[PDB]
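Q: Pasting a structure here, questions to come.
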Amino acid sequence: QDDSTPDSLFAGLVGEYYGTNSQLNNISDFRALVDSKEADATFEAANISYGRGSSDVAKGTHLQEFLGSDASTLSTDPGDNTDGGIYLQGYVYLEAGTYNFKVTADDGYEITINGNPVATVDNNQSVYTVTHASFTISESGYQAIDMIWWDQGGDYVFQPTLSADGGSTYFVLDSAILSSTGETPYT
Ligand SMILES: OC[C@H]1O[C@@H](O)[C@@H](O)[C@@H](O)[C@@H]1O
Ligand SMILES: [Ca+2]
Ligand SMILES: [Ca+2]
Ligand SMILES: [Ca+2]
Ligand SMILES: [Ca+2]
Ligand SMILES: [Ca+2]
Ligand SMILES: [Ca+2]
Ligand SMILES: [Ca+2]
Ligand SMILES: [Ca+2]
Ligand SMILES: [Ca+2]
């Protein structure tokens, strides 16, 4: 807790959606958009496996389709934009050990854990899956996590899967392990 407002506790990350009619080319562009204004919509990111879809995430009802099971928590239905993306932040329960992300995306993204980037694509791309380098968690518990992802137009997809067993199996980040505040969620 960092201010005088109570924060919703749920088994998910705090999600913000931002749209723009400018071009998003890279992580810096999307982060500047996030910085420039209040979110166009907020939502609870409880099942982080979004898309695939076509014909721009920022148009029509494409954001709702993309977010699927998390769209029922949208604060509003944003108007049309050409480009858009999401900023997620909260906590993820991880035991101490070694992990790595494998992320399928169109366009780019960046995931950080405890302040350190652990999966980065700093450019636009048609759908592509990267197996990222491993990282360590030093102490079991809720780890701080944030993510950004965007769509510059066209197709869109975002599924960042995590392995705890050296890339033999991967899981989606969902309500089993996510927390909005770092307290234990019970529903
Ligand atoms: O050039 C068009 C294509 O550009 C790529 O980088 C992706 O953003 C696609 O979703 C888009 O359709
Ligand atoms: Ca607060
Ligand atoms: Ca903002
Ligand atoms: Ca809309
Ligand atoms: Ca879906
Ligand atoms: Ca739902
Ligand atoms: Ca664009
Ligand atoms: Ca795209
Ligand atoms: Ca392990
Ligand atoms: Ca496997």
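Here, A, B, ... name the chains of the structure tokens in the order displayed, residue numbers run from 1 inside each chain, and ligands are numbered from 1 in the same displayed order.
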Considering only C-alpha atoms, return as a PyMOL selection string whatever protein or nucleic-acid residues lie within 6 Å of stretch 100-114 of chain A, sequence-local ones (same chain, fewer than 2 positions apart) excluded.
A: chain A and resi 116-134+144-151+156-163
Q: Since we have the selection now, will you write its residues out, keeping N, CA and C atoms, as a short mmCIF file (atom, residue, chain, number, x, y, z; two decimals), in the first residue's frame?
A:
data_model
loop_
_atom_site.label_atom_id
_atom_site.label_comp_id
_atom_site.auth_asym_id
_atom_site.auth_seq_id
_atom_site.Cartn_x
_atom_site.Cartn_y
_atom_site.Cartn_z
N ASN A 116 13.64 -6.15 -13.06
CA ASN A 116 14.63 -6.58 -14.04
C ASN A 116 13.93 -7.15 -15.26
N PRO A 117 14.25 -6.69 -16.48
CA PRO A 117 13.62 -7.25 -17.67
C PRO A 117 14.05 -8.70 -17.81
N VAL A 118 13.06 -9.53 -18.12
CA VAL A 118 13.24 -10.97 -18.30
C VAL A 118 12.65 -11.45 -19.63
N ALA A 119 11.99 -10.60 -20.40
CA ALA A 119 11.55 -11.02 -21.74
C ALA A 119 11.28 -9.72 -22.50
N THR A 120 12.00 -9.50 -23.61
CA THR A 120 11.92 -8.25 -24.33
C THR A 120 11.86 -8.53 -25.83
N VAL A 121 10.90 -7.88 -26.50
CA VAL A 121 10.90 -7.71 -27.98
C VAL A 121 10.64 -6.23 -28.22
N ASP A 122 11.68 -5.52 -28.63
CA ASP A 122 11.62 -4.05 -28.71
C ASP A 122 11.34 -3.61 -30.16
N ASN A 123 10.39 -4.23 -30.82
CA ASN A 123 10.08 -3.88 -32.21
C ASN A 123 8.74 -4.49 -32.56
N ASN A 124 8.21 -4.08 -33.69
CA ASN A 124 7.02 -4.68 -34.22
C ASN A 124 7.32 -6.01 -34.91
N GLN A 125 6.33 -6.87 -34.99
CA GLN A 125 6.49 -8.18 -35.60
C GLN A 125 5.15 -8.86 -35.83
N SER A 126 5.04 -9.56 -36.96
CA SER A 126 4.00 -10.54 -37.09
C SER A 126 4.21 -11.67 -36.07
N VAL A 127 3.17 -12.48 -35.85
CA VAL A 127 3.15 -13.42 -34.74
C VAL A 127 4.45 -14.23 -34.73
N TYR A 128 5.07 -14.32 -33.54
CA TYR A 128 6.34 -14.96 -33.42
C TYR A 128 6.51 -15.41 -31.98
N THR A 129 7.15 -16.57 -31.81
CA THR A 129 7.39 -17.11 -30.45
C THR A 129 8.89 -17.11 -30.15
N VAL A 130 9.25 -16.45 -29.04
CA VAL A 130 10.62 -16.42 -28.56
C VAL A 130 10.71 -17.17 -27.25
N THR A 131 11.73 -18.04 -27.16
CA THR A 131 12.13 -18.68 -25.89
C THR A 131 13.23 -17.80 -25.30
N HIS A 132 12.93 -17.14 -24.19
CA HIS A 132 13.84 -16.16 -23.59
C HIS A 132 14.79 -16.88 -22.65
N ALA A 133 15.85 -16.16 -22.33
CA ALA A 133 16.89 -16.66 -21.43
C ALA A 133 16.38 -16.80 -20.00
N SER A 134 16.98 -17.73 -19.24
CA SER A 134 16.55 -18.03 -17.90
C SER A 134 16.95 -16.92 -16.93
N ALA A 144 7.29 -9.03 -7.60
CA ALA A 144 6.70 -7.94 -8.41
C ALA A 144 6.86 -8.25 -9.89
N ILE A 145 5.84 -7.97 -10.67
CA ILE A 145 5.88 -8.21 -12.09
C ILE A 145 5.17 -7.06 -12.77
N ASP A 146 5.67 -6.69 -13.94
CA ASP A 146 4.90 -5.84 -14.84
C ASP A 146 5.13 -6.33 -16.25
N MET A 147 4.17 -5.96 -17.10
CA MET A 147 4.28 -6.29 -18.50
C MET A 147 3.77 -5.10 -19.31
N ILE A 148 4.33 -4.95 -20.50
CA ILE A 148 3.70 -4.13 -21.56
C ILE A 148 3.69 -4.97 -22.82
N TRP A 149 2.68 -4.71 -23.65
CA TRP A 149 2.49 -5.30 -24.94
C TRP A 149 1.76 -4.25 -25.76
N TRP A 150 2.01 -4.25 -27.08
CA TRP A 150 1.23 -3.36 -27.94
C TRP A 150 1.00 -4.03 -29.28
N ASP A 151 0.07 -3.37 -30.00
CA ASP A 151 -0.25 -3.62 -31.42
C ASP A 151 -0.13 -2.32 -32.18
N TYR A 156 -2.87 -9.33 -33.88
CA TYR A 156 -2.49 -9.10 -32.48
C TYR A 156 -2.62 -10.38 -31.71
N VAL A 157 -1.67 -10.63 -30.84
CA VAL A 157 -1.66 -11.79 -29.98
C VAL A 157 -0.69 -11.53 -28.85
N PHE A 158 -0.98 -12.05 -27.64
CA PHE A 158 -0.03 -11.97 -26.54
C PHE A 158 -0.23 -13.13 -25.59
N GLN A 159 0.74 -14.05 -25.54
CA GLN A 159 0.69 -15.20 -24.59
C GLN A 159 2.07 -15.43 -24.03
N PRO A 160 2.39 -14.86 -22.85
CA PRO A 160 3.69 -15.08 -22.20
C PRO A 160 3.68 -16.23 -21.17
N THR A 161 4.20 -17.39 -21.58
CA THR A 161 4.18 -18.59 -20.80
C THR A 161 5.50 -18.69 -20.06
N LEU A 162 5.45 -19.37 -18.90
CA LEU A 162 6.60 -19.48 -17.99
C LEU A 162 6.92 -20.94 -17.70
N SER A 163 8.22 -21.28 -17.68
CA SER A 163 8.69 -22.61 -17.29
C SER A 163 9.47 -22.52 -16.00
#
Q: Please list as a count of residues only every residue within 8 Å of residue A:95, counting only C-alpha atoms and excluding residues in the same chain fewer than 2 positions away.
A: 6
Q: Stretch 2-187 of chain A: which residues are strand (DSSP E or B) by DSSP, as a PyMOL selection string?
A: chain A and resi 13-20+41-45+47+50-53+83-94+97-106+109-113+116-121+128-131+135-137+141-151+156-163+171+174+178-179
Q: Hey, which bits of chain A sit within 6 Å of ligand 2, and for each residue what's the closest pair of atoms and how far apart in Å (one decimal), counting only C-alpha atoms and all ligand atoms, rows by chain and increasing number, as JSON lines?
A:
{"residue": "A:1", "atom": "CA", "partner": "ligand 2", "partner_atom_place_in_ligand_line": "1 (Ca)", "distance": 5.2}
{"residue": "A:2", "atom": "CA", "partner": "ligand 2", "partner_atom_place_in_ligand_line": "1 (Ca)", "distance": 5.4}
{"residue": "A:3", "atom": "CA", "partner": "ligand 2", "partner_atom_place_in_ligand_line": "1 (Ca)", "distance": 4.8}
{"residue": "A:4", "atom": "CA", "partner": "ligand 2", "partner_atom_place_in_ligand_line": "1 (Ca)", "distance": 6.0}
{"residue": "A:5", "atom": "CA", "partner": "ligand 2", "partner_atom_place_in_ligand_line": "1 (Ca)", "distance": 4.3}
{"residue": "A:6", "atom": "CA", "partner": "ligand 2", "partner_atom_place_in_ligand_line": "1 (Ca)", "distance": 5.0}
{"residue": "A:7", "atom": "CA", "partner": "ligand 2", "partner_atom_place_in_ligand_line": "1 (Ca)", "distance": 4.9}
Q: Using DSSP on the backbone coordinates, identify all residues within chain A classified as alpha helix (DSSP H); present the result as a count of residues only.
A: 16
